[PDB]
Structure formats: C-alpha cells, structure tokens
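Heads up: the sequence shown begins at 4 in full-length UniProt numbering, then just goes up one per residue.
We put the CB at the ideal spot given by N, CA and C, even for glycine.
Data block below; observations after.
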Amino acid sequence: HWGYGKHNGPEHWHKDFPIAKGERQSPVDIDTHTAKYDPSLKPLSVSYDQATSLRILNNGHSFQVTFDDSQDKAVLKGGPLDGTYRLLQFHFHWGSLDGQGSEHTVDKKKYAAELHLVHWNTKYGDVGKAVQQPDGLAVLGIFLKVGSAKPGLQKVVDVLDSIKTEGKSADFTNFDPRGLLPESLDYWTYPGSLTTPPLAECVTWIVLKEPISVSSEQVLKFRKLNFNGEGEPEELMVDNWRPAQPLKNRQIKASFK
Ligand SMILES: COc1cc(C[n+]2ccc3cc(OS(N)(=O)=O)ccc3c2)cc(OC)c1OC
Ligand SMILES: [Zn+2]
C-alpha cells in the first residue's frame, strides 16, 4: 500500500495510479517571475462563519479535521471559481526538519508545512462525483513557516496526543477554521490534481502568497504522530509531502501584481 517510505513513496505511486505521470499533476514549483498577473481574477470569498467541525482523525498518512458538508455552511466562492464549493476537511503536510515539508514551493523555497482546506463543487451533489470532474474540487493551500505561535492552531495541537496512531479519531467540535488564515488573501492559481492517491486531476489549486507563522513547539507536535497503527513498530509521521511535478502545458496565474 502506498505511503511516503523508500519502498512505497511518491516515486512508486505511478505503478498503482498511472495518472501520477499525467498532464496536470500537483504540487508544482511556483516561479514568481513567470506567473502571470490576471486582473480578471476576482477576490476570494471565504465564508466560514457557520462552519461545523465534526471529528479529527489519523488516517495513516496525515491527520484531518472533517466538517459537516450537508448544507452550504462553510463555502468558498469567487477567485477563479464558478459556483459554490463546500468545505469538507482540512489536513497538513509537514517535514522532519523546518526546511522542508510543504508540497508547493515558491521559487524553489520549501516551507515547514502546508495546510490544505479541501472544498467540493456543489453542482456535482457529492464529493465522490466531484473527484471525477475537471472542476470538481478547490483546495486552498496555506504555507507555514516557523516563528511566532499561531494561537488559533493550538486547539488542534493539544488534541494530537489522542490520535497518535493510524485509525484513531476523536470528537472535535466548535473549531473555527478562520483562525488559520493569513491577513491577505492574495493568491496564485493553477489547474492541478490531488497530491495523494488516487491523484485525480480534478482540483483548482488556490495557493496563498502570505504564510502563517507557527511556533517550533507547535510544529514538533505534528512530528510525534505515527504512520503505524497501535501495537506496530513505531514510525514517525514526517515528510508526508509529494515533490513538485512538471508544470507541462499550464500557466500559473496571480491575483496580484
Ligand atoms: C469525505 O471524504 C471523501 C473523500 C473522497 C476523495 N478525496 C477527497 C479529497 C482528497 C484530498 C486529498 O488531499 S490533497 N493533498 O490533494 O488536498 C487527497 C485525497 C482526497 C480524496 C471520496 C469520498 O467518497 C465519496 C469521501 O467520502 C468519505
Ligand atoms: Zn494535502
């Protein structure tokens, strides 16, 4: 089964998921001097005031927080998007060291982690249908750098003890994802894919320019999670990131000059 090890990591995924070598794979390096400013791009509209978080879960490749997506409560619209996209979950990718961990890079610069807020296009009725469509998902990507603590992340950090190993989950209600956003919503956007299997090419990526800062004590709490299930050999959950993929016939657009 796929993972991030020497014998089952990203260089192996194409054997089980041939689309790994496709035409619009993610993540990519964002070359800031060749991205094109597009003044026709609208500002993002993030409406998370009514968000309802449900559960936090160790799925063996990351941890994720899931939201009620049975109504239009927490939605994303605007930017490069047509229509309304509902927030489903968020999760992180992080490194073993502070110099790596993000999936996207900016001028080859790696950040310590990357936050993905996953949304699906309500036109398609359910997330399983949306993953089959070129515009089915919109993932909002936020870089993390190590510096001052982010207070809005601490309630995530404090519960990770209870989901240390694969398959553990816990109630995680009343979490407000607005505490994870930078002050600016300036962004880059390009058409791309899921960065884990099944690697479906169904994603409009929206990558924010402005990182958020997190403290060294916060990020190293991420590094104490396990890939393994309970009662197996311990293998720390670090470096759960896919390296940058060829841009091929794609243009990265910027919302800002
Ligand atoms: C709600 O979770 C589901 C996710 C999915 C597929 N899915 C959605 C979002 C994903 C985001 C992913 O990560 S990322 N790094 O590209 O943002 C990786 C795999 C994903 C896979 C299918 C489902 O069946 C209908 C689901 O219902 C349980
Ligand atoms: Zn992700």
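Q: Check the DSSP bridge columns for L211 and list the partner residues they point to.
A: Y190
**Q.** Contiguous alpha helix (DSSP H) assignments of at least 4 residues, all confined to the region 124-195
**A.** Scanning the region 124-195 from its first residue to its last, the whole alpha helix (DSSP H) runs of 4-plus residues come out as 130-133 and 157-162.
Q. Of all the options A54, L202 and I215, which has the alpha carbon lying nearest to the alpha carbon of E26?
A. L202
Q | Cβ-Cβ distance between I209 and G139 below 8 Å | A | No, they are not a contact pair.
Q. For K126, which of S165, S65, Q74 and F225 has the nearest alpha-carbon?
A. The shortest C-alpha to C-alpha distance from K126 to any of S165, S65, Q74 and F225 is the one to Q74.
(Q) Give me the DSSP bridge partner(s) of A203. (A) Answer by DSSP bridge pairing: none, since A203 is not bridged.
Q.
To the nearest angstrom, how far is the alpha carbon of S165 from that of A247?
A. 32 Å
Q. Looking at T198 and ligand 2, is the gap between the Cβ and the nearest heavy atom below 7 Å?
A. yes
Q) Just curious, the alpha helix (DSSP H) that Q221 is in, first and last residue? A) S219 to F225
(Q) Using the Cβ count rule (16 or more neighbours within 10 Å means buried), how would you classify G195? (A) buried
Q. Measuring from the CB of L91, is there a heavy atom of ligand 1 at a distance below 7 Å?
A. yes
(Q) For a test of your reading of the model: does the CB of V206 fall under 7 Å from any non-hydrogen atom of ligand 4? Yes or no. (A) This structure lacks ligand 4; its bound ligands are ligand 1 and ligand 2.
Q | Rounded separation between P200 and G6 - CA only | A | Computed Cα separation, rounded: 9 Å.
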